[PDB]
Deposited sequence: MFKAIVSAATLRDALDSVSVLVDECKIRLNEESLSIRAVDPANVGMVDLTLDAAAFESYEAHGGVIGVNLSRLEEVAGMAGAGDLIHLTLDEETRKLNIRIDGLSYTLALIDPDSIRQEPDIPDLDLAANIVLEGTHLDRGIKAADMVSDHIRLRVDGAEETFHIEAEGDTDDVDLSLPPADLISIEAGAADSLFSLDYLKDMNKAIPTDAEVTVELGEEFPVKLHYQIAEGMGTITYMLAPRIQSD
C-alpha cells in the first residue's frame, strides 16, 4: 500500500470515523480506501469510501490494516501539505511522512478490533436533502432544552422539523421546502440521543449538503460527500 493524499482530505475522512471509534480497520482496496465501524454501544455506525481519485496517488492490493485512529488523527493534524502513506507489511507499521517529518505507527492486529458492521439498506419513508448549517442550528437549539432530539416530517406541508421538548421549554426548527435542497415527504418521526447526532454533525464539513433518510421510530441515516465528491460518508444512528 502506498498513497499520497491531501491534508484536508484525510482529516475530513478520519474525522467522520473518529466521532464513533478510537481504533478501526481500514480496507485497502484496489480502487478505494474504505472504513466501516460501529460504536461499542451499538448505537452509531459509519461507512466511509474514499475513491482512488481523491488521492494524488493511490496503489493498493486489497489488504486490511488495524489502526489507532486517535494517533493517526493527531499525526494528520501536523500537516495544504501532502501526507505520504506507506505500509510496511513486513514490520506491520504504517509510515506517514509530511515534508521532512516521518512518523512510524505500529499497526494493531485487525482480529483484535471490533468486527465491521453491515449498514442495512433501508427504504425509509422520507428523504431530506439540506445544507449542513440547518442541522448545526437545530441541534444547537435542541441541546438547550434536552438531551433527546426529534426529527419529524410534516408530510402535508413538506416541512422538516428538528425539535425537542424539555421539562417546561420546547424548541422547534421548522424547515419548509424553501429552506431545503429537496424532500420526499413520507411519514417520518423519530427520536435520537442528541449527543451522538451532534458529534456526528460536528465531523460534517461546514458547507456540505446532507442527505437524511428518516422514518417512524427507525434509525436515521445521514449521507454527505468530501473530497469534491470523491469520498462519501454514511452515518446510521439508532433511535432512542
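Non-modelled portions of the deposited polymer sequence, in sequence order: Model skips 1, 81 to 82, 244 to 247 of the deposited chain.
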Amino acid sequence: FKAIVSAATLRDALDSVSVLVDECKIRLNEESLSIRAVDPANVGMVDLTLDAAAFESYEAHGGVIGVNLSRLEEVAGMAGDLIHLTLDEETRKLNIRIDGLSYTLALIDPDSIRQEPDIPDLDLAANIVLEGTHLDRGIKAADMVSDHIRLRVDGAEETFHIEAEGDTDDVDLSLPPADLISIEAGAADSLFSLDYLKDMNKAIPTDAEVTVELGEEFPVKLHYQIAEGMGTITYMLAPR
From here on, numbers count along this sequence of modelled residues.
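- prompt: Mean C-alpha B-factor higher for 165 to 173, or for 138 to 146?
  reply: Result: 165 to 173.
message: I need to verify one thing: averaged over C-alpha atoms only, is the B-factor higher for 54 to 62 or for 40 to 48?
response: Result: 54 to 62.
message: Among 133, 127, 91, 159, where is the Cα B factor highest in this entry?
response: Of the options given, 91 has the highest CA B-factor in the PDB entry.
task: Using the entry's values, work out which of 179, 199, 31, 209 has the largest Cα B factor.
output: Highest C-alpha B-factor among the listed options: 31.
field: Where the record places residue 114 (Cα B-factor, split into thirds across the chain)
entry: Middle third of the chain for residue 114's C-alpha B-factor.
field: CA B-factor placement of residue 188, once the chain's modelled residues are sorted into thirds
entry: Middle third.
message: Which third, lowest, middle or highest, does the C-alpha temperature factor of residue 4 belong to within its own chain?
response: Middle third of the chain for residue 4's C-alpha B-factor.
message: Please place residue 69 in the lowest, middle or highest third of its chain according to the CA B-factor in the PDB entry.
response: Tercile = middle for this residue's CA B-factor.
task: Using the B-factors in the PDB entry, rank residue 107's C-alpha atom against the chain and give the third, lowest, middle or highest.
output: Its C-alpha B-factor belongs to the middle third of this chain's values.
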